[PDB]
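Data first, discussion second: the structure below is written as structure tokens.
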Amino acid sequence: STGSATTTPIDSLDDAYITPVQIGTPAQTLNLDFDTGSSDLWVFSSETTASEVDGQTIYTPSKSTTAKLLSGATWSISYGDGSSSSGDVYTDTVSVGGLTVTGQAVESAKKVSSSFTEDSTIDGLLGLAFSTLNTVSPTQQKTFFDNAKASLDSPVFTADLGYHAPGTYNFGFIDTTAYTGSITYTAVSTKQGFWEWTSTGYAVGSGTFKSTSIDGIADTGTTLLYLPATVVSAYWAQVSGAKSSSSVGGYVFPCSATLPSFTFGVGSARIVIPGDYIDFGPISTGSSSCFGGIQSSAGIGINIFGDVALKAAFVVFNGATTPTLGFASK
Ligand SMILES: c1ncc2c(n1)NCC2
């Protein structure tokens with residue numbers, strides 16, 4: 001089997017991407033944030049505290065003839081931005097782009113933090129990291145990809161995120177029309193539960209490539225590119241007036257700037273992030289200070305190749321017995 005679904009930016013800045021997902025019988029379609037950095041599929045639901053729902057589409061398990069309470073199971077998750085959610089668990093039929101999994105754990109939120117309530121465009125998360133990170137207790141649950149993989153034509157999914165435009169998540173096949181050149185594959189460590197790999201270096205604008213190993217994760221659920229402070233300083237030093245602002249919480253730059261590109265290495269190959277992809281707009285409405293899309297990972301404990309990086313590439317998440325990642329230009 002295969003599946004193919006369009007993923008759409010939630011706003012004009014590509015702050016996140018939503019992909020429609022069919023849950024239950026009859027189908028209830030919710031727009032979920034596909035997140036290769038976490039491993040829980042959770043949804044706003046009829047169980048979510050009413051004051052914490054503001055415009056999201058909810059899953060109502062009592063209206064699904066295939067929903068079953070997973071007795072005793074609870075979940076609770078927190079993300080790197082301080083947001084969180086928790087609840088109980090159903091199993092139900094879940095389909096993405098024509099690919100159907102029966103018995104998928106659908107984690108129903110009883111509580112969500114304020115940033116979730118405040119974002120009416122995201123109805124939940126669909127985790128695509130390794131199932132060892134799944135938070136369901138006392139019986140850990142498998143991700144949608146893990147449940148689907150035996151049925152897929154090939155045990156892979158691909159992320160093709162757009163810049164200010166829709167893109168595609170494919171399951172079970174590699175669309176050879178969706179990228180240019182060849183796909184360069186690179187080793188993955190699953191020891192932390194992530195699609196963790198080692199970039200071979202970087203360049204800023206037209207500058208010379210610096211060969212240096214950068215361990216990080218391919219994370220579609222993180223908006224920005226978080227890299228070591230040395231690398232980020234080298235990038236922003238090429239932007240007149242850019243500075244790190246403690247009050248804002250990262251590097252900012254004059255909105256009048258033209259940003260340089262940023263290149264990262266995948267083996268001997270190179271992925272170029274155009275400068276415009278690094279502009280996250282005014283820090284507050286009407287400001288001429290703009291927020292940078294490349295930020296330091298120094299406070300995080302891991303480097304994160306988030307959407308800013310991944311949207312410059314066609315990315316293969318290869319879930320073969322030994323997982324690997326593939327990157328192609330597009
Ligand atoms: C990283 N990964 C997932 C999410 C996040 N940050 N904020 C809300 C959901």
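If you read the sequence from its start, that first residue is 1, and numbering goes on from there. Every number for a ligand or one of its atoms is a count from 1 in the order of the listing. As a basis for the values below, the full set of heavy atoms in this structure was taken, side chains included, without hydrogen atoms, waters or symmetry mates.
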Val315 and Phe305, any side-chain heavy atoms less than 4.5 Å apart: no
Heavy-atom gap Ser83 to ligand 1 smaller than 4.0 Å: yes
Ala27 backbone acceptor or donor facing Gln22 side chain under 3.5 Å: no
Any N/O pair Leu125/ligand 1 closer than 3.5 Å: no
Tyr17/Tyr169 aromatic ring centres below 6.0 Å: no
Heavy-atom nearest neighbour in the protein, as seen from atom 6 (N) of ligand 1, with distance rounded to 0.1 Å: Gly221 O, 3.5 Å
Mutual orientation of the aromatic rings belonging to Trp236 and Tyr251 [parallel < 30°, tilted 30-60°, perpendicular > 60°]: parallel
Closest protein heavy atom (residue, atom, distance) for atom 3 (C) of ligand 1: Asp35 OD2, 3.2 Å
Sub-4.5 Å side-chain heavy-atom contact between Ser261 and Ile273: no
Atoms in ligand 1 flagged as close to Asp81, the criterion being non-hydrogen separation under 4.0 Å: 5 (C), 6 (N), 7 (N), 8 (C)
Close N or O approach (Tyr79, ligand 1; < 3.5 Å): no
